[PDB]
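Colleague:
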Amino acid sequence: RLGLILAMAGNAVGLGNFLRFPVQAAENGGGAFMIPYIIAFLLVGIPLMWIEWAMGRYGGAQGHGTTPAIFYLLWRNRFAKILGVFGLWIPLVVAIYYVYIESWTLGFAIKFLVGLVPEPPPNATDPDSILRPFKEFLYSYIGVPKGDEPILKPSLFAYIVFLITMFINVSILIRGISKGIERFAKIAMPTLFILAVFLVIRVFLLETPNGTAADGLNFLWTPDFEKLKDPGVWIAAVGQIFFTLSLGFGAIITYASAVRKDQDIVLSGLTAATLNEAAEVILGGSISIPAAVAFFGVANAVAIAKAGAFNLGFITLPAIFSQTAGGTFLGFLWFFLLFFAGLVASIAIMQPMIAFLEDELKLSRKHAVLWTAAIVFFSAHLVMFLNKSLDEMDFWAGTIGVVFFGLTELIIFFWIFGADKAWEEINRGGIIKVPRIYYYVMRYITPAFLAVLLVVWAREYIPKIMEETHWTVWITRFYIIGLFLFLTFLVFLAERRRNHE
Amino acid sequence: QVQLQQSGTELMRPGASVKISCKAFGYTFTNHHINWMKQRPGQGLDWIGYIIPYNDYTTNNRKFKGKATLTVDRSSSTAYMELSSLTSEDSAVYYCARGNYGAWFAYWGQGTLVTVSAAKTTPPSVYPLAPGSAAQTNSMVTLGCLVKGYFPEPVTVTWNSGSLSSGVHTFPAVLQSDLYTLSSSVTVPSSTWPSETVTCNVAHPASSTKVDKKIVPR
Amino acid sequence: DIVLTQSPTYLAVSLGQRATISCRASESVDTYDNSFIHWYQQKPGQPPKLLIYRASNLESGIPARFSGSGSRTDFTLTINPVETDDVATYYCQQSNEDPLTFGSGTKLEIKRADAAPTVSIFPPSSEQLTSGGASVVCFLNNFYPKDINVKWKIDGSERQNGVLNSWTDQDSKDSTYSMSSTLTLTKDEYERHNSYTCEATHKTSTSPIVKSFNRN
């Protein structure tokens, strides 16, 4: 009863709900963001979730396992494999910075453990004065530069914690999971859920001289009529839905290749998606934003969110723990939990690449894991040391990449494979039938909507995207394009090796 | 580069229970269904049932429903099949095979032999077969190895530690009086023997006996 | 369940020619316009080996000699040209309806030109004599066809009792057969007589091949 409940609640908590979402909403004028977000959830998130479960199960029934191959099975065209490459590129690229963020959560957990945490400036009552110590904790941790300097200078502790995080991730990927998987996740997910609920409830009673936590909830759920005409918000919102639902990643597809063709995917898929939404908009969205506005004020919360991706909670949360009962211990627990939550997700975003190396190109587990780990570890130095690089990757892979790729999966699965064949595939084994209207949404509304969104988005933000020289971001654009070309090269090598016999 | 490695041959009293371990190497174990199949030496393959390594969740063919329990150890990357209420008819070769994600069964195990009998385990006697004394010599001579009075199957018989694999015929064991008997013949040039040493490598795992026998002239 | 009936149970074919094995199903093996029947090559002592999947599609590592065909119910596995190592039992499977079911199998054997068995007779091992047993082994190697005859003569008399026989599977290279005949007696009875004969009657010669030794 209670156990089954807390167990059901723990399945969806990702860093996407806590660290990422607050930053996405704040950078976009919260609530002006919520409308497109909710609309995207109903018109894009749910249908694609169902689509991914169907495609994954279908591909498992066959045995491809990766999007390049499943796409090839659905559409026999060399071009299908290339569009399919996004199913490896997106998760790999997200893994590159995602592992670093996880390392920040471990570092913070450690610092809270030792009681080395930021306390507000006594008797200062100045929102900027109040914000500087908390800003400094994160900034001193990752080593933010003064004056938009290209080079970032992370503290030694952060780097060592990164090394440890990689060692732990690799150590896990090589050997299976027995002592730290079910036995620990079954404790941490319910614990984290309970803790998060505690925090939402606690933060909402918070009211201070610089603002009120209530004002934060009002700020987040009050539509800004003005920002709706902004493509960036629509793209950001859809991108977040994709990220938070794990939807846009080839990981859900591969994981889904393990459930039987006759097993229901309609109720199960809808349940996972709905549970995920209730899991963030209510808990993650109701903690960090209200806390920052109550504490730092609106202007500072937005400025902090706009500072970079994931920054917001690393500041707002520690600020919150202060002035709270057993806040240092509560903080340690929160960040350690968060750390495990991140880990669970990173091995999952590495699984598409590992699986690709094993099924195609016929590589062992050791080699797939070691080469994948080598790529994330080496590449991550770009995100830890190059200013604005992390943000750029989080943008291209976790925001833009996923929506375009989502559209690709919808066209490939529904249009090319079969309107009705696709519907039939989704429908088999369902506990309930798919609502009649979604056939029409998926076939006409969702794809037209997304295509239009990307087009309107481009040429609004493209020229602005060509107008940005930080000297450190062009390295990242060139580099990630190179990585994409490299993966295309791996798919080419797989077909050459097969055709050679 | 995937290998499935299975425990080996086992003897059991009828009515007992056994657990066969198919261990998986060189691939992500959770990604792929594992299937279990039964084959009698002279019969076609019967599908026992499969198991989904990620979620467990086994499915057995109707025929085997009560006689086979499928489990998994995700830590050791191993699949297990437990056979209960053993009978002589349960005696067969059992294969674990994983199709990719479950085309089907692309990679096969070496197989596992099960002998259900009360009969006790006996080591094989290894007798050298030399050509008869003063038997006229030709461009080639043929030598032999006699493995007799052992139980249960199988027995590994090679020559010169497996060095000579060519022109060798190893005949099927024949069961007479609860004990198995087989023989193996090798053909070599006359200039090869005695001038070079020819030896029998005989191995019975069940009795744990590795015996080597020199072939010498009469 | 879906039952798979395979046409000829045993098939023999000459080198370089084509072999057609068939598979029939009680219900359609087609779902979404795809045939789920799959072919396996199994040699004795080995597990099966996947040949063709989804009935038309050549598995890697397998030579182009193997081609799948057919639809609906009827399916055709075509091996041309047939090669020596292709001797083994061949199965078909249907994955369309769960559970999954297999054909009864088709044993392929090559047609090889007639050949004489090479007979060799081996006296009982001294070591075996210490054990009290006396066994005489007679090897008949590399002959075709499989059908052969062995008669054991002890001092001119034909010995019917205590004869264990074993035949190998057809060779995967020269397509021949070999047989081991073993006359098992007690050391007492073995020391009672003198001459031990092994006579092999085959289709390659009217006169039987006679191999014997004089106990000494």
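Protein chains in written order, with the entry's author numbering: chain A, 11 to 511; chain H, 1 to 102, 104 to 219; chain L, 1 to 216.
For each residue, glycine too, the CB sits at the ideal point set by N, CA and C.
Using DSSP with H/G/I as helix, E/B as strand and the rest coil, what is H/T9?
Modeller: In the second sequence, the residue the question calls residue 9 of chain H occupies position 9. DSSP places H/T9 in coil when its eight states are reduced to three.
Colleague: Comparing the C-beta of A/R86 with each C-beta of chain L, is any distance below 8 Å?
Modeller: Taking the first residue of the first sequence as 1, we reach residue 86 of chain A at position 76. Not an interface residue.
Colleague: Would you call the region 289-297 of chain A and the region 24-31 of chain A in contact, with 3 or more CB pairs under 8 Å?
Modeller: In short, these stretches touch, since the Cβ pair count reaches three.
Colleague: Output yes or no for whether 8 Å exceeds the beta carbon distance between A/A358 and A/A261.
Modeller: Within the first sequence, numbered from 1, the residue matching residue 358 of chain A stands at position 348. Within the first sequence, numbered from 1, the residue matching residue 261 of chain A stands at position 251. The criterion of a C-beta distance shorter than 8 Å is satisfied by A/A358 and A/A261.
Colleague: With L/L50 and L/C23 assumed to form a contact (beta carbons below 8 Å), what rounded beta-carbon distance in angstroms separates them?
Modeller: Locating residue 50 of chain L in the third sequence gives position 50, where the first residue counts as 1. Locating residue 23 of chain L in the third sequence gives position 23, where the first residue counts as 1. Contact between L/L50 and L/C23 is ruled out by a C-beta separation of about 15 Å, above the 8 Å threshold.
Colleague: Closer than 8 Å by beta-carbon distance: list the chain H residues that pair up with L/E127, in chain order.
Modeller: One-based indexing of the third sequence puts residue 127 of chain L at position 127. Chain H residues near L/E127: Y128 and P129.
Colleague: For the structure I just gave you, are there three or more beta carbon pairs, one from the region 106-115 of chain H and one from the region 61-76 of chain L, closer than 8 Å?
Modeller: no
Colleague: In the region 15-48 of chain L, which residues sit with their C-beta less than 7 Å from some C-beta in chain H, listed in chain order?
Modeller: Here the close residues are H38, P47 and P48.
Colleague: Just to confirm my understanding: we take L/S172, look at its own chain, exclude 5 residues before and 5 after, and list those with CB closer than 7 Å. What are they?
Modeller: Here the question's residue 172 of chain L lines up with position 172 in the third sequence. Cβ within range, chain order: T84, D85 and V87.
Colleague: So the candidates are H/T71, H/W194 and H/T198; which of them puts its Cα closest to the Cα of H/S21?
Modeller: Your numbering for residue 21 of chain H matches position 21 in the second sequence. For H/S21, the nearest C-alpha among the options comes from H/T71.
Colleague: What residues in the region 8-27 of chain H bring their beta carbon closer than 8 Å to a beta carbon of chain A?
Modeller: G26 and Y27
Colleague: Can you grab the Cα-Cα spacing for the pair A/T409 / A/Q250, in whole Å?
Modeller: The residue labelled residue 409 of chain A in the question sits at position 399 within the first sequence. The residue labelled residue 250 of chain A in the question sits at position 240 within the first sequence. Roughly 6 Å separates the two Cα atoms.
Colleague: For chain A, check one thing: does any of its Cβ atoms lie closer than 8 Å to the Cβ of L/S60?
Modeller: Here residue 60 of chain L is taken as the residue at index 60 of the third sequence, counted from 1. Yes, L/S60 counts as interfacial toward chain A.
Colleague: Quick one: grab the DSSP three-state call for L/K203.
Modeller: Within the third sequence, the letter at position 203 stands for residue 203 of chain L. Coil, per DSSP.
Colleague: Could you tell me the boundaries of the alpha helix (DSSP H) in which A/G492 lies?
Modeller: Your numbering for residue 492 of chain A matches position 482 in the first sequence. Looking at the DSSP string, the run of the alpha helix (DSSP H) that includes A/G492 is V483 to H510.
Colleague: Which of the three DSSP states, helix, strand or coil, is assigned to A/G352?
Modeller: As a position in the first sequence, residue 352 of chain A is number 342, starting the count at 1. Three-state result, A/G352: helix.
Colleague: CB-CB under 7 Å to L/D1, same chain, minus the five flanking residues each way: which ones, in chain order?
Modeller: Counted from its first residue, the third sequence places residue 1 of chain L at position 1. Counting only Cβ-Cβ distances below 7 Å, and skipping sequence neighbours, we find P99 and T101.
Colleague: Counting only beta-carbon separations shorter than 8 Å, does A/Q34 have a partner in chain H?
Modeller: Within the first sequence, numbered from 1, the residue matching residue 34 of chain A stands at position 24. By this cut-off, A/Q34 is not an interface position.
Colleague: According to DSSP, what are the bridge partners of H/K63?
Modeller: Here the question's residue 63 of chain H lines up with position 63 in the second sequence. DSSP, once it has assigned bridges, lists no residue as partnering H/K63.
Colleague: When the Cα atoms are used, what is the spatial distance from A/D369 to A/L380?
Modeller: Counting from 1 along the first sequence, the entry for residue 369 of chain A is found at position 359. Counting from 1 along the first sequence, the entry for residue 380 of chain A is found at position 370. Going by the C-alpha atoms only, they are around 16 Å apart.
Colleague: Should the region 412-432 of chain A be called in touch with the region 74-90 of chain A, which here means at least 3 C-beta pairs below 8 Å?
Modeller: yes
Colleague: Could you say which of A/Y108, A/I275 and A/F324 lies nearest to A/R438 if we only look at CA atoms?
Modeller: Position 428 of the first sequence, counted from the first residue, corresponds to residue 438 of chain A. It is A/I275 whose Cα lies nearest to the Cα of A/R438.
Colleague: With DSSP collapsed to three states, give me the class of A/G226.
Modeller: Counting from one through the first sequence, the residue named residue 226 of chain A turns up at place 216. Here A/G226 sits in helix by DSSP.
Colleague: So which residues on chain L does A/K431 lean against when the C-beta distance must stay under 9 Å?
Modeller: Translated into positions along the first sequence, residue 431 of chain A becomes position 421. By Cβ distance, chain L contributes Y32.
Colleague: If contacts are defined as beta-carbon pairs under 8 Å, then A/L58 and A/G416 qualify, I think. What distance do you get, rounded to the angstrom?
Modeller: Numbered from its first residue, the first sequence carries residue 58 of chain A at position 48. Numbered from its first residue, the first sequence carries residue 416 of chain A at position 406. The pair is a contact, with the Cβ atoms about 5 Å apart (cut-off 8 Å).
Colleague: What ranges does the alpha helix (DSSP H) occupy inside the region 363-401 of chain A, keeping only unbroken runs of at least 4 residues that lie completely in it?
Modeller: 375-395
Colleague: Can you name, in chain order, every residue of its own chain whose Cβ lies under 6 Å from the Cβ of L/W167, other than the five neighbours on each side?
Modeller: Your numbering for residue 167 of chain L matches position 167 in the third sequence. Annotation for L/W167: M179 place their beta carbon closer than 6 Å to its own, counting only its chain and skipping 5 residues before and after.
Colleague: Check whether the region 167-178 of chain H and the region 191-201 of chain H are in contact - that is, three or more C-beta pairs closer than 8 Å.
Modeller: no
Colleague: Give me, in chain order, the residues of the same chain whose beta-carbon lies closer than 8 Å to that of A/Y265; leave out the 5 immediate sequence neighbours on both sides.
Modeller: Within the first sequence, numbered from 1, the residue matching residue 265 of chain A stands at position 255. The answer, listed in chain order, is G66, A358 and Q361.
Colleague: Please confirm whether L/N142 and L/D188 have their CB atoms less than 8 Å apart.
Modeller: One-based indexing of the third sequence puts residue 142 of chain L at position 142. One-based indexing of the third sequence puts residue 188 of chain L at position 188. For L/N142 and L/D188, no; Cβs fall outside 8 Å.
Colleague: Considering just the uninterrupted stretch of the alpha helix (DSSP H) at A/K91, what are its terminal residues?
Modeller: Taking the first sequence and counting its residues from 1, one reaches residue 91 of chain A at position 81. For A/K91, the enclosing alpha helix (DSSP H) stretches over residues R88 to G94.
Colleague: Tell me where the alpha helix (DSSP H) around A/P328 begins and ends.
Modeller: Here residue 328 of chain A refers to the residue found at position 318 when the first sequence is read from its first residue. Unbroken alpha helix (DSSP H) run through A/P328: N321 to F331.
Colleague: Would you report the Cα separation of H/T122 and H/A204, rounded to the nearest angstrom?
Modeller: By 1-based counting over the second sequence, the position of residue 122 of chain H is 121. By 1-based counting over the second sequence, the position of residue 204 of chain H is 203. Near 14 Å, if we compare the C-alpha coordinates of H/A204 and H/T122.
Colleague: Going by the beta-carbon positions, is the gap between A/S356 and A/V109 smaller than 8 Å?
Modeller: Translated into positions along the first sequence, residue 356 of chain A becomes position 346. Translated into positions along the first sequence, residue 109 of chain A becomes position 99. Taking 8 Å as the Cβ cut-off, A/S356 and A/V109 qualify as a contacting pair.
Colleague: Quick one: list the residues of chain L neighbouring H/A107, beta-carbon separation under 7 Å, in chain order.
Modeller: Mapped onto the second sequence, residue 107 of chain H falls at position 106. What H/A107 touches in chain L: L50.
Colleague: Quick check: the Cα distance between A/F499 and A/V269, rounded to an integer number of angstroms?
Modeller: In the first sequence, the residue the question calls residue 499 of chain A occupies position 489. In the first sequence, the residue the question calls residue 269 of chain A occupies position 259. About 31 Å.
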